[PDB]
$ cat coords22.txt   # compact mmCIF, N, CA and C atoms and all ligand atoms
# COMPACT_ATOMS: atom_id res chain seq x y z
N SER E 1 31.36 2.29 -87.90
CA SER E 1 31.13 1.16 -87.01
C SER E 1 32.10 1.12 -85.84
N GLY E 2 31.67 0.52 -84.74
CA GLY E 2 32.47 0.42 -83.52
C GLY E 2 31.64 0.12 -82.29
N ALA E 3 32.26 -0.45 -81.25
CA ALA E 3 31.53 -0.79 -80.03
C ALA E 3 32.39 -0.66 -78.76
N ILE E 4 31.74 -0.53 -77.58
CA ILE E 4 32.46 -0.51 -76.31
C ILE E 4 32.28 -1.87 -75.65
N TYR E 5 33.39 -2.55 -75.35
CA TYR E 5 33.32 -3.86 -74.73
C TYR E 5 33.80 -3.76 -73.29
N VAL E 6 32.87 -3.69 -72.33
CA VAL E 6 33.22 -3.55 -70.93
C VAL E 6 32.58 -4.67 -70.15
N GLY E 7 33.39 -5.63 -69.70
CA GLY E 7 32.89 -6.80 -68.99
C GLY E 7 32.03 -7.64 -69.92
N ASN E 8 30.95 -8.24 -69.40
CA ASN E 8 30.07 -9.05 -70.25
C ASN E 8 29.09 -8.20 -71.07
N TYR E 9 29.48 -6.95 -71.38
CA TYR E 9 28.62 -6.04 -72.11
C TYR E 9 29.23 -5.53 -73.40
N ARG E 10 28.37 -5.17 -74.35
CA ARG E 10 28.75 -4.57 -75.62
C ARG E 10 27.81 -3.37 -75.80
N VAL E 11 28.37 -2.15 -75.91
CA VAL E 11 27.57 -0.93 -76.11
C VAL E 11 27.73 -0.52 -77.57
N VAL E 12 26.63 -0.42 -78.29
CA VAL E 12 26.65 -0.05 -79.71
C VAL E 12 25.63 1.06 -79.99
N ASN E 13 25.69 1.70 -81.18
CA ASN E 13 24.67 2.68 -81.57
C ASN E 13 23.38 1.88 -81.83
N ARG E 14 22.26 2.29 -81.26
CA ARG E 14 20.99 1.59 -81.46
C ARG E 14 20.63 1.44 -82.96
N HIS E 15 20.96 2.44 -83.80
CA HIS E 15 20.65 2.36 -85.23
C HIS E 15 21.54 1.38 -86.01
N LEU E 16 22.70 1.04 -85.47
CA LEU E 16 23.61 0.08 -86.09
C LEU E 16 23.60 -1.30 -85.41
N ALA E 17 22.66 -1.56 -84.49
CA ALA E 17 22.62 -2.83 -83.77
C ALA E 17 22.23 -4.02 -84.66
N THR E 18 22.84 -5.19 -84.43
CA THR E 18 22.62 -6.43 -85.18
C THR E 18 21.42 -7.25 -84.62
N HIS E 19 21.05 -8.38 -85.28
CA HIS E 19 20.00 -9.26 -84.77
C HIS E 19 20.46 -9.86 -83.43
N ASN E 20 21.74 -10.26 -83.34
CA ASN E 20 22.32 -10.85 -82.14
C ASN E 20 22.26 -9.90 -80.95
N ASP E 21 22.41 -8.58 -81.20
CA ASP E 21 22.33 -7.54 -80.17
C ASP E 21 20.93 -7.55 -79.54
N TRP E 22 19.90 -7.71 -80.38
CA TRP E 22 18.52 -7.75 -79.92
C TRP E 22 18.15 -9.07 -79.23
N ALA E 23 18.82 -10.16 -79.62
CA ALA E 23 18.62 -11.49 -79.03
C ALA E 23 19.19 -11.55 -77.59
N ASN E 24 20.28 -10.82 -77.35
CA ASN E 24 20.89 -10.75 -76.02
C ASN E 24 20.80 -9.31 -75.47
N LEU E 25 19.67 -8.64 -75.72
CA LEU E 25 19.39 -7.28 -75.29
C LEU E 25 19.41 -7.17 -73.77
N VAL E 26 20.07 -6.13 -73.24
CA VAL E 26 20.15 -5.80 -71.82
C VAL E 26 19.36 -4.47 -71.57
N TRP E 27 19.64 -3.45 -72.38
CA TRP E 27 19.04 -2.14 -72.25
C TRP E 27 19.15 -1.40 -73.60
N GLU E 28 18.14 -0.61 -73.95
CA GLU E 28 18.16 0.19 -75.16
C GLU E 28 17.38 1.48 -74.94
N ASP E 29 17.78 2.56 -75.63
CA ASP E 29 17.08 3.83 -75.54
C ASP E 29 17.21 4.60 -76.86
N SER E 30 16.09 4.69 -77.59
CA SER E 30 15.99 5.39 -78.87
C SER E 30 16.42 6.84 -78.75
N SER E 31 16.02 7.51 -77.65
CA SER E 31 16.36 8.91 -77.41
C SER E 31 17.85 9.15 -77.22
N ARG E 32 18.62 8.14 -76.82
CA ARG E 32 20.07 8.28 -76.66
C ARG E 32 20.86 7.63 -77.81
N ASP E 33 20.19 6.77 -78.62
CA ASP E 33 20.80 6.00 -79.69
C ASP E 33 21.86 5.08 -79.08
N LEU E 34 21.46 4.34 -78.03
CA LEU E 34 22.33 3.38 -77.36
C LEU E 34 21.65 2.05 -77.23
N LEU E 35 22.44 0.99 -77.31
CA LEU E 35 21.94 -0.35 -77.11
C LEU E 35 23.07 -1.15 -76.49
N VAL E 36 22.80 -1.77 -75.35
CA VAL E 36 23.76 -2.60 -74.65
C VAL E 36 23.28 -4.05 -74.81
N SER E 37 24.20 -4.98 -75.09
CA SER E 37 23.88 -6.40 -75.27
C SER E 37 24.92 -7.30 -74.58
N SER E 38 24.46 -8.41 -74.00
CA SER E 38 25.35 -9.32 -73.29
C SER E 38 26.22 -10.15 -74.23
N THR E 39 27.51 -10.29 -73.90
CA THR E 39 28.48 -11.08 -74.65
C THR E 39 28.94 -12.27 -73.80
N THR E 40 29.39 -13.36 -74.43
CA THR E 40 29.82 -14.54 -73.68
C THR E 40 31.34 -14.60 -73.47
N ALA E 41 32.04 -13.49 -73.70
CA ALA E 41 33.48 -13.39 -73.51
C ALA E 41 33.76 -12.06 -72.82
N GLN E 42 34.70 -12.06 -71.88
CA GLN E 42 35.01 -10.90 -71.05
C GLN E 42 35.64 -9.72 -71.82
N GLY E 43 34.99 -8.56 -71.70
CA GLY E 43 35.42 -7.27 -72.25
C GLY E 43 36.61 -6.69 -71.52
N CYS E 44 36.95 -5.43 -71.78
CA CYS E 44 38.17 -4.84 -71.24
C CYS E 44 38.15 -3.32 -71.04
N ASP E 45 37.36 -2.61 -71.84
CA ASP E 45 37.30 -1.16 -71.82
C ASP E 45 36.99 -0.54 -70.46
N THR E 46 37.82 0.40 -70.03
CA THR E 46 37.58 1.15 -68.82
C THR E 46 36.57 2.25 -69.21
N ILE E 47 35.49 2.41 -68.44
CA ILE E 47 34.52 3.46 -68.71
C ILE E 47 34.88 4.64 -67.84
N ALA E 48 35.01 5.83 -68.44
CA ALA E 48 35.33 7.03 -67.68
C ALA E 48 34.16 7.38 -66.78
N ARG E 49 34.47 7.88 -65.59
CA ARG E 49 33.49 8.35 -64.62
C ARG E 49 34.03 9.70 -64.25
N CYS E 50 33.61 10.74 -64.96
CA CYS E 50 34.20 12.07 -64.79
C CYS E 50 33.29 13.17 -65.38
N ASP E 51 33.78 14.42 -65.39
CA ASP E 51 33.10 15.54 -66.06
C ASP E 51 34.07 16.19 -67.08
N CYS E 52 34.94 15.39 -67.72
CA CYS E 52 35.89 15.93 -68.69
C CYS E 52 35.15 16.50 -69.86
N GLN E 53 35.58 17.64 -70.34
CA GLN E 53 35.01 18.23 -71.54
C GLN E 53 36.02 18.31 -72.67
N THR E 54 37.15 17.61 -72.56
CA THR E 54 38.18 17.49 -73.58
C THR E 54 38.55 15.99 -73.71
N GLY E 55 38.97 15.58 -74.90
CA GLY E 55 39.34 14.19 -75.14
C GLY E 55 39.87 13.95 -76.53
N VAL E 56 39.92 12.68 -76.94
CA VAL E 56 40.37 12.24 -78.26
C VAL E 56 39.33 11.25 -78.82
N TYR E 57 38.99 11.38 -80.12
CA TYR E 57 38.06 10.45 -80.73
C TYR E 57 38.60 9.86 -82.04
N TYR E 58 38.26 8.60 -82.33
CA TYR E 58 38.68 7.98 -83.58
C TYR E 58 37.71 8.36 -84.73
N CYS E 59 38.27 8.92 -85.82
CA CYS E 59 37.50 9.32 -87.00
C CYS E 59 37.70 8.28 -88.09
N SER E 60 36.73 7.37 -88.24
CA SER E 60 36.84 6.30 -89.22
C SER E 60 37.06 6.78 -90.66
N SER E 61 36.44 7.90 -91.04
CA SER E 61 36.53 8.44 -92.40
C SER E 61 37.88 9.08 -92.77
N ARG E 62 38.78 9.21 -91.80
CA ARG E 62 40.11 9.77 -92.01
C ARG E 62 41.21 8.85 -91.50
N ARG E 63 40.87 7.73 -90.81
CA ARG E 63 41.80 6.79 -90.19
C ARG E 63 42.76 7.56 -89.29
N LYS E 64 42.19 8.41 -88.44
CA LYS E 64 42.95 9.32 -87.59
C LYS E 64 42.21 9.59 -86.30
N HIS E 65 42.95 9.84 -85.23
CA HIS E 65 42.40 10.23 -83.94
C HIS E 65 42.48 11.76 -83.86
N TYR E 66 41.48 12.40 -83.25
CA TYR E 66 41.45 13.85 -83.16
C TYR E 66 41.22 14.35 -81.75
N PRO E 67 42.00 15.34 -81.31
CA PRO E 67 41.72 15.94 -79.99
C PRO E 67 40.55 16.91 -80.12
N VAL E 68 39.60 16.90 -79.15
CA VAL E 68 38.41 17.76 -79.21
C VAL E 68 37.99 18.34 -77.85
N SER E 69 37.26 19.45 -77.89
CA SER E 69 36.57 20.00 -76.73
C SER E 69 35.11 19.73 -77.05
N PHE E 70 34.38 19.18 -76.09
CA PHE E 70 32.98 18.83 -76.30
C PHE E 70 32.05 19.34 -75.17
N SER E 71 30.79 19.57 -75.52
CA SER E 71 29.81 20.11 -74.60
C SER E 71 29.35 19.10 -73.54
N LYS E 72 28.60 19.57 -72.54
CA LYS E 72 28.09 18.69 -71.49
C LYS E 72 26.85 17.92 -72.00
N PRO E 73 26.64 16.67 -71.56
CA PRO E 73 25.48 15.90 -72.05
C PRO E 73 24.15 16.66 -72.04
N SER E 74 23.50 16.76 -73.21
CA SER E 74 22.25 17.52 -73.30
C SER E 74 21.30 17.02 -74.42
N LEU E 75 20.13 17.68 -74.56
CA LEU E 75 19.10 17.38 -75.54
C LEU E 75 19.26 18.30 -76.72
N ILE E 76 19.82 17.76 -77.79
CA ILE E 76 20.09 18.46 -79.02
C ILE E 76 19.17 17.88 -80.09
N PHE E 77 18.48 18.76 -80.84
CA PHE E 77 17.57 18.35 -81.91
C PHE E 77 18.36 17.71 -83.06
N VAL E 78 17.99 16.48 -83.44
CA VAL E 78 18.62 15.72 -84.51
C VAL E 78 17.58 15.48 -85.61
N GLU E 79 17.86 15.93 -86.84
CA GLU E 79 16.98 15.79 -88.01
C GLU E 79 16.69 14.34 -88.40
N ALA E 80 15.60 14.14 -89.16
CA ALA E 80 15.11 12.86 -89.68
C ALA E 80 16.15 12.09 -90.48
N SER E 81 16.11 10.77 -90.38
CA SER E 81 17.03 9.86 -91.06
C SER E 81 16.32 8.51 -91.36
N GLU E 82 17.04 7.55 -91.99
CA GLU E 82 16.47 6.21 -92.25
C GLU E 82 16.25 5.42 -90.95
N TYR E 83 16.78 5.91 -89.82
CA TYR E 83 16.72 5.21 -88.55
C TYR E 83 15.79 5.89 -87.56
N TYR E 84 15.67 7.23 -87.60
CA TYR E 84 14.81 7.95 -86.65
C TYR E 84 14.05 9.11 -87.27
N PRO E 85 12.82 9.37 -86.80
CA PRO E 85 12.13 10.61 -87.20
C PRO E 85 12.76 11.83 -86.48
N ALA E 86 12.48 13.06 -86.94
CA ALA E 86 13.04 14.26 -86.29
C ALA E 86 12.66 14.31 -84.80
N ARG E 87 13.67 14.39 -83.92
CA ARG E 87 13.44 14.34 -82.48
C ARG E 87 14.60 15.01 -81.68
N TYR E 88 14.46 15.10 -80.35
CA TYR E 88 15.51 15.58 -79.45
C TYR E 88 16.18 14.35 -78.91
N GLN E 89 17.49 14.24 -79.10
CA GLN E 89 18.25 13.11 -78.60
C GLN E 89 18.93 13.58 -77.33
N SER E 90 18.77 12.85 -76.24
CA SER E 90 19.37 13.24 -74.97
C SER E 90 20.75 12.60 -74.75
N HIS E 91 21.52 13.11 -73.76
CA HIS E 91 22.85 12.62 -73.40
C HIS E 91 23.87 12.75 -74.53
N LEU E 92 23.69 13.81 -75.37
CA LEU E 92 24.51 14.09 -76.54
C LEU E 92 25.50 15.20 -76.26
N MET E 93 26.73 15.04 -76.74
CA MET E 93 27.77 16.05 -76.53
C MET E 93 28.33 16.46 -77.89
N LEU E 94 28.06 17.68 -78.35
CA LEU E 94 28.61 18.13 -79.64
C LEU E 94 30.07 18.59 -79.50
N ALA E 95 30.82 18.58 -80.60
CA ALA E 95 32.22 19.03 -80.66
C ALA E 95 32.51 19.56 -82.04
N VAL E 96 33.50 20.45 -82.16
CA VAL E 96 33.92 20.97 -83.45
C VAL E 96 34.99 20.04 -83.97
N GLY E 97 34.64 19.30 -85.01
CA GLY E 97 35.52 18.33 -85.65
C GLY E 97 34.86 17.68 -86.85
N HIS E 98 35.65 16.91 -87.63
CA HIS E 98 35.10 16.26 -88.82
C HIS E 98 34.28 15.00 -88.47
N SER E 99 33.17 14.81 -89.17
CA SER E 99 32.30 13.66 -88.99
C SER E 99 31.50 13.38 -90.28
N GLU E 100 31.15 12.10 -90.52
CA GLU E 100 30.34 11.73 -91.67
C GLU E 100 29.59 10.38 -91.42
N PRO E 101 28.47 10.12 -92.14
CA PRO E 101 27.65 8.92 -91.86
C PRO E 101 28.34 7.62 -91.37
N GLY E 102 29.42 7.16 -92.01
CA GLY E 102 30.10 5.94 -91.56
C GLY E 102 30.94 6.06 -90.29
N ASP E 103 30.86 7.20 -89.59
CA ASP E 103 31.68 7.43 -88.40
C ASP E 103 31.03 7.02 -87.08
N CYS E 104 29.72 6.72 -87.07
CA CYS E 104 29.01 6.25 -85.86
C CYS E 104 29.69 4.99 -85.31
N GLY E 105 30.01 4.99 -84.02
CA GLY E 105 30.69 3.86 -83.39
C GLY E 105 32.11 4.16 -82.93
N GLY E 106 32.70 5.24 -83.44
CA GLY E 106 34.03 5.68 -83.06
C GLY E 106 34.07 6.11 -81.61
N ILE E 107 35.01 5.58 -80.87
CA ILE E 107 35.12 5.81 -79.44
C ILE E 107 35.76 7.16 -79.10
N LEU E 108 35.20 7.84 -78.10
CA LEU E 108 35.69 9.09 -77.54
C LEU E 108 36.27 8.73 -76.16
N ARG E 109 37.56 8.96 -75.96
CA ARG E 109 38.27 8.66 -74.73
C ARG E 109 38.82 9.94 -74.14
N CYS E 110 39.05 9.93 -72.83
CA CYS E 110 39.70 11.02 -72.11
C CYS E 110 40.80 10.38 -71.23
N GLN E 111 41.47 11.18 -70.38
CA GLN E 111 42.48 10.65 -69.47
C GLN E 111 41.91 9.66 -68.44
N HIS E 112 40.57 9.50 -68.35
CA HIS E 112 39.95 8.60 -67.37
C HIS E 112 39.33 7.34 -67.97
N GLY E 113 39.36 7.20 -69.29
CA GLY E 113 38.73 6.05 -69.94
C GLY E 113 37.73 6.44 -71.01
N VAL E 114 36.89 5.47 -71.43
CA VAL E 114 35.90 5.69 -72.48
C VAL E 114 34.76 6.60 -72.04
N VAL E 115 34.54 7.69 -72.76
CA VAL E 115 33.48 8.67 -72.51
C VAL E 115 32.17 8.34 -73.27
N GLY E 116 32.29 8.01 -74.54
CA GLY E 116 31.14 7.69 -75.37
C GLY E 116 31.51 7.31 -76.79
N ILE E 117 30.51 7.16 -77.66
CA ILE E 117 30.71 6.81 -79.06
C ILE E 117 30.11 7.88 -79.98
N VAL E 118 30.57 7.95 -81.23
CA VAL E 118 30.06 8.90 -82.22
C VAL E 118 28.61 8.50 -82.53
N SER E 119 27.70 9.47 -82.49
CA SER E 119 26.30 9.23 -82.75
C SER E 119 25.77 10.15 -83.86
N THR E 120 26.07 11.47 -83.80
CA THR E 120 25.60 12.43 -84.81
C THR E 120 26.81 13.22 -85.44
N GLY E 121 26.55 14.27 -86.24
CA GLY E 121 27.58 15.09 -86.86
C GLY E 121 27.03 16.11 -87.83
N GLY E 122 27.84 16.49 -88.81
CA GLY E 122 27.43 17.42 -89.87
C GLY E 122 27.68 18.90 -89.64
N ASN E 123 28.13 19.59 -90.69
CA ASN E 123 28.40 21.03 -90.66
C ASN E 123 29.69 21.40 -89.90
N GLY E 124 30.68 20.52 -89.90
CA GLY E 124 31.92 20.76 -89.16
C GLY E 124 31.76 20.44 -87.67
N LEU E 125 30.75 19.61 -87.32
CA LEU E 125 30.41 19.18 -85.97
C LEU E 125 30.41 17.66 -85.87
N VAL E 126 30.52 17.14 -84.62
CA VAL E 126 30.49 15.72 -84.31
C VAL E 126 29.77 15.55 -82.96
N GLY E 127 28.81 14.64 -82.90
CA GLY E 127 28.01 14.41 -81.71
C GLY E 127 28.30 13.07 -81.07
N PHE E 128 28.54 13.07 -79.75
CA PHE E 128 28.89 11.87 -79.00
C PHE E 128 27.82 11.49 -78.02
N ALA E 129 27.45 10.21 -78.03
CA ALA E 129 26.46 9.66 -77.13
C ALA E 129 27.22 9.19 -75.91
N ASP E 130 27.09 9.95 -74.81
CA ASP E 130 27.73 9.75 -73.53
C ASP E 130 27.27 8.46 -72.86
N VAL E 131 28.22 7.73 -72.21
CA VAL E 131 27.96 6.49 -71.44
C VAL E 131 28.46 6.57 -69.97
N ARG E 132 29.06 7.68 -69.56
CA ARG E 132 29.56 7.84 -68.20
C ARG E 132 28.51 7.78 -67.09
N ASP E 133 27.22 8.01 -67.40
CA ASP E 133 26.18 7.89 -66.38
C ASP E 133 25.76 6.43 -66.15
N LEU E 134 25.96 5.53 -67.15
CA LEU E 134 25.61 4.11 -67.04
C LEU E 134 26.61 3.35 -66.14
N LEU E 135 26.49 3.54 -64.81
CA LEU E 135 27.38 2.95 -63.81
C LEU E 135 27.32 1.42 -63.76
N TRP E 136 26.18 0.83 -64.15
CA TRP E 136 25.98 -0.62 -64.15
C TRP E 136 26.80 -1.39 -65.20
N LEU E 137 27.54 -0.69 -66.07
CA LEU E 137 28.40 -1.37 -67.04
C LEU E 137 29.56 -2.08 -66.30
N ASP E 138 30.07 -1.46 -65.21
CA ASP E 138 31.15 -1.99 -64.38
C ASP E 138 30.67 -2.78 -63.17
N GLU E 139 29.36 -2.91 -62.95
CA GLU E 139 28.83 -3.60 -61.78
C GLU E 139 27.59 -4.42 -62.13
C1 LIG E 201 23.62 12.18 -93.34
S1 LIG E 201 23.40 13.13 -91.83
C2 LIG E 201 25.01 13.11 -91.10
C3 LIG E 201 25.98 14.01 -91.54
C4 LIG E 201 27.24 14.00 -90.96
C5 LIG E 201 27.54 13.11 -89.95
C6 LIG E 201 26.58 12.21 -89.54
BR1 LIG E 201 27.06 10.96 -88.19
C7 LIG E 201 25.30 12.18 -90.10
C8 LIG E 201 24.30 11.13 -89.67
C9 LIG E 201 23.54 11.49 -88.40
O1 LIG E 201 23.81 12.50 -87.77
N1 LIG E 201 22.56 10.64 -88.02
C10 LIG E 201 22.04 9.54 -88.85
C11 LIG E 201 22.09 8.22 -88.09
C12 LIG E 201 21.40 8.36 -86.73
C13 LIG E 201 22.00 9.51 -85.91
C14 LIG E 201 21.26 9.69 -84.60
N2 LIG E 201 21.93 9.40 -83.50
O2 LIG E 201 20.09 10.10 -84.58
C15 LIG E 201 21.89 10.80 -86.73
ZN ZN E 202 37.69 11.92 -67.83

$ encode --input "coords22.txt" --output "structure tokens" --more "lines below"
Ligand SMILES: CSc1cccc(Br)c1CC(=O)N1CCC[C@H](C(N)=O)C1
Ligand SMILES: [Zn+2]
Amino acid sequence: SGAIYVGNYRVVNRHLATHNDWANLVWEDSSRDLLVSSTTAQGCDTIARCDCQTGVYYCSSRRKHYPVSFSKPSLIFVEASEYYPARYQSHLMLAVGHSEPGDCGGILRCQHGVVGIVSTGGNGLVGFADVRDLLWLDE
């Protein structure tokens, strides 16, 4: 679990979104596993606007932060789950690192701010759902 709080916005994994998230829905995309919802209290997170391919992410299953090299946002095939049928998820960045089901929501940061959140994983890999293209979070 985890979320990005930037201004009057909350960015969460679409599969982990609450009833309140849907009641104050701003934007959602199944293919990216993202859901943004309006909050009534001011956020704080700086959103990175960059092309960094290295960073640090919080691993909930180890209570530790890990430095990683990650790929550029792309369409990577993600297998069937209780939340989605087998499909291509876009804006995904894979990395070599530890990941497990309860890790979705962990923030990936670089020297410029928040890059994205943990979305996929498995097999000694971790997948991040990029948010750097969503310029309207800061405006
Ligand atoms: C039990 S499979 C597994 C294994 C290691 C790490 C992780 Br995180 C998972 C779970 C996983 O990748 N997903 C399930 C939830 C929705 C995700 C999506 N964005 O489509 C995909
Ligand atoms: Zn950066």

$ residues_near_ligand --input "coords22.txt" --ligand "ligand ZN 202 (chain E)" --cutoff "6 Å" --atoms "all atoms listed in the file" --output "list in words"
residues 48, 49, 50, 51, 52, 110, 111, 112 and 113 of chain E

$ residues_near_ligand --input "coords22.txt" --ligand "ligand LIG 201 (chain E)" --cutoff "5 Å" --atoms "all atoms listed in the file" --output "list in words"
residues 99, 100, 101, 119, 120, 121 and 122 of chain E

$ write_last_selection --input "coords22.txt" --atoms "N, CA and C atoms" --output "CSV table (one decimal), keeping the file's coordinate frame"
chain,number,residue,atom,x,y,z
E,99,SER,N,33.2,14.8,-89.2
E,99,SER,CA,32.3,13.7,-89.0
E,99,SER,C,31.5,13.4,-90.3
E,100,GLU,N,31.2,12.1,-90.5
E,100,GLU,CA,30.3,11.7,-91.7
E,100,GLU,C,29.6,10.4,-91.4
E,101,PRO,N,28.5,10.1,-92.1
E,101,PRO,CA,27.6,8.9,-91.9
E,101,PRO,C,28.3,7.6,-91.4
E,119,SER,N,27.7,9.5,-82.5
E,119,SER,CA,26.3,9.2,-82.8
E,119,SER,C,25.8,10.2,-83.9
E,120,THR,N,26.1,11.5,-83.8
E,120,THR,CA,25.6,12.4,-84.8
E,120,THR,C,26.8,13.2,-85.4
E,121,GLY,N,26.6,14.3,-86.2
E,121,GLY,CA,27.6,15.1,-86.9
E,121,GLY,C,27.0,16.1,-87.8
E,122,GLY,N,27.8,16.5,-88.8
E,122,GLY,CA,27.4,17.4,-89.9
E,122,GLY,C,27.7,18.9,-89.6

$ residues_around --input "coords22.txt" --residues "residue 83 in chain E" --least-positions-apart "3" --cutoff "8 Å" --atoms "all atoms listed in the file" --output "JSON, numbers by chain"
{"E": [14, 15, 16, 80, 86]}

$ closest_residue --input "coords22.txt" --among "E:128, E:57, E:66, E:136" --to "residue 91 in chain E" --atoms "only C-alpha atoms"
E:128

$ closest_residue --input "coords22.txt" --among "E:13, E:42, E:89, E:37" --to "residue 104 in chain E" --atoms "all atoms listed in the file"
E:13

$ select_by_dssp --input "coords22.txt" --residues "range 4-132 of chain E" --states "helix (DSSP H, G or I)" --output "tab-separated table (two decimals) with N, CA and C atoms, in the frame of the given file"
chain	number	residue	atom	x	y	z
E	14	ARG	N	22.26	2.29	-81.26
E	14	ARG	CA	20.99	1.59	-81.46
E	14	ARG	C	20.63	1.44	-82.96
E	15	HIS	N	20.96	2.44	-83.80
E	15	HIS	CA	20.65	2.36	-85.23
E	15	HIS	C	21.54	1.38	-86.01
E	16	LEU	N	22.70	1.04	-85.47
E	16	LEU	CA	23.61	0.08	-86.09
E	16	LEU	C	23.60	-1.30	-85.41
E	19	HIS	N	21.05	-8.38	-85.28
E	19	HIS	CA	20.00	-9.26	-84.77
E	19	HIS	C	20.46	-9.86	-83.43
E	20	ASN	N	21.74	-10.26	-83.34
E	20	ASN	CA	22.32	-10.85	-82.14
E	20	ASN	C	22.26	-9.90	-80.95
E	21	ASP	N	22.41	-8.58	-81.20
E	21	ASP	CA	22.33	-7.54	-80.17
E	21	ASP	C	20.93	-7.55	-79.54
E	22	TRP	N	19.90	-7.71	-80.38
E	22	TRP	CA	18.52	-7.75	-79.92
E	22	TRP	C	18.15	-9.07	-79.23
E	23	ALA	N	18.82	-10.16	-79.62
E	23	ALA	CA	18.62	-11.49	-79.03
E	23	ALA	C	19.19	-11.55	-77.59
E	101	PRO	N	28.47	10.12	-92.14
E	101	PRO	CA	27.65	8.92	-91.86
E	101	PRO	C	28.34	7.62	-91.37
E	102	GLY	N	29.42	7.16	-92.01
E	102	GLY	CA	30.10	5.94	-91.56
E	102	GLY	C	30.94	6.06	-90.29
E	103	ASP	N	30.86	7.20	-89.59
E	103	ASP	CA	31.68	7.43	-88.40
E	103	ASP	C	31.03	7.02	-87.08

$ closest_residue --input "coords22.txt" --among "E:77, E:70, E:10, E:90" --to "residue 30 in chain E" --atoms "all atoms listed in the file"
E:90

$ residues_around --input "coords22.txt" --residues "residue 118 in chain E" --least-positions-apart "3" --cutoff "7 Å" --atoms "only C-alpha atoms" --output "JSON, numbers by chain"
{"E": [103, 104, 105, 106, 107, 127, 128, 129]}

$ write_last_selection --input "coords22.txt" --atoms "N, CA and C atoms" --output "PDB file, keeping the file's coordinate frame"
ATOM      1  N   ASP E 103      30.860   7.200 -89.590  1.00  0.00           N
ATOM      2  CA  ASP E 103      31.680   7.430 -88.400  1.00  0.00           C
ATOM      3  C   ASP E 103      31.030   7.020 -87.080  1.00  0.00           C
ATOM      4  N   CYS E 104      29.720   6.720 -87.070  1.00  0.00           N
ATOM      5  CA  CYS E 104      29.010   6.250 -85.860  1.00  0.00           C
ATOM      6  C   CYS E 104      29.690   4.990 -85.310  1.00  0.00           C
ATOM      7  N   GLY E 105      30.010   4.990 -84.020  1.00  0.00           N
ATOM      8  CA  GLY E 105      30.690   3.860 -83.390  1.00  0.00           C
ATOM      9  C   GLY E 105      32.110   4.160 -82.930  1.00  0.00           C
ATOM     10  N   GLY E 106      32.700   5.240 -83.440  1.00  0.00           N
ATOM     11  CA  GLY E 106      34.030   5.680 -83.060  1.00  0.00           C
ATOM     12  C   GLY E 106      34.070   6.110 -81.610  1.00  0.00           C
ATOM     13  N   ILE E 107      35.010   5.580 -80.870  1.00  0.00           N
ATOM     14  CA  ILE E 107      35.120   5.810 -79.440  1.00  0.00           C
ATOM     15  C   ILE E 107      35.760   7.160 -79.100  1.00  0.00           C
ATOM     16  N   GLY E 127      28.810  14.640 -82.900  1.00  0.00           N
ATOM     17  CA  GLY E 127      28.010  14.410 -81.710  1.00  0.00           C
ATOM     18  C   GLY E 127      28.300  13.070 -81.070  1.00  0.00           C
ATOM     19  N   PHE E 128      28.540  13.070 -79.750  1.00  0.00           N
ATOM     20  CA  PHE E 128      28.890  11.870 -79.000  1.00  0.00           C
ATOM     21  C   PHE E 128      27.820  11.490 -78.020  1.00  0.00           C
ATOM     22  N   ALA E 129      27.450  10.210 -78.030  1.00  0.00           N
ATOM     23  CA  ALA E 129      26.460   9.660 -77.130  1.00  0.00           C
ATOM     24  C   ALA E 129      27.220   9.190 -75.910  1.00  0.00           C
TER      25      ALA E 129
END

$ atom_distance --input "coords22.txt" --atom1 "atom N of residue 102 in chain E" --atom2 "CA of residue 1 in chain E"
8.0 Å

$ atom_distance --input "coords22.txt" --atom1 "CA of residue 47 in chain E" --atom2 "atom N of residue 21 in chain E"
21.2 Å

$ residues_near_point --input "coords22.txt" --point "(22.4, -7.2, -80.0)" --cutoff "8 Å" --atoms "all atoms listed in the file" --output "compact mmCIF listing (two decimals) with N, CA and C atoms, in the coordinates of the input"
# COMPACT_ATOMS: atom_id res chain seq x y z
N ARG E 10 28.37 -5.17 -74.35
CA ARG E 10 28.75 -4.57 -75.62
C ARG E 10 27.81 -3.37 -75.80
N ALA E 17 22.66 -1.56 -84.49
CA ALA E 17 22.62 -2.83 -83.77
C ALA E 17 22.23 -4.02 -84.66
N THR E 18 22.84 -5.19 -84.43
CA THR E 18 22.62 -6.43 -85.18
C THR E 18 21.42 -7.25 -84.62
N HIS E 19 21.05 -8.38 -85.28
CA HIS E 19 20.00 -9.26 -84.77
C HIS E 19 20.46 -9.86 -83.43
N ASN E 20 21.74 -10.26 -83.34
CA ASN E 20 22.32 -10.85 -82.14
C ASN E 20 22.26 -9.90 -80.95
N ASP E 21 22.41 -8.58 -81.20
CA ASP E 21 22.33 -7.54 -80.17
C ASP E 21 20.93 -7.55 -79.54
N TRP E 22 19.90 -7.71 -80.38
CA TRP E 22 18.52 -7.75 -79.92
C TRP E 22 18.15 -9.07 -79.23
N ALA E 23 18.82 -10.16 -79.62
CA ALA E 23 18.62 -11.49 -79.03
C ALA E 23 19.19 -11.55 -77.59
N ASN E 24 20.28 -10.82 -77.35
CA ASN E 24 20.89 -10.75 -76.02
C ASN E 24 20.80 -9.31 -75.47
N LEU E 25 19.67 -8.64 -75.72
CA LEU E 25 19.39 -7.28 -75.29
C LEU E 25 19.41 -7.17 -73.77
N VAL E 26 20.07 -6.13 -73.24
CA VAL E 26 20.15 -5.80 -71.82
C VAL E 26 19.36 -4.47 -71.57
N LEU E 35 22.44 0.99 -77.31
CA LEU E 35 21.94 -0.35 -77.11
C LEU E 35 23.07 -1.15 -76.49
N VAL E 36 22.80 -1.77 -75.35
CA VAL E 36 23.76 -2.60 -74.65
C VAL E 36 23.28 -4.05 -74.81
N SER E 37 24.20 -4.98 -75.09
CA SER E 37 23.88 -6.40 -75.27
C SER E 37 24.92 -7.30 -74.58
N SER E 38 24.46 -8.41 -74.00
CA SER E 38 25.35 -9.32 -73.29
C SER E 38 26.22 -10.15 -74.23

$ residues_near_point --input "coords22.txt" --point "(28.3, 1.9, -71.7)" --cutoff "6 Å" --atoms "only C-alpha atoms" --output "PyMOL selection string"
chain E and resi 11+131+134+137
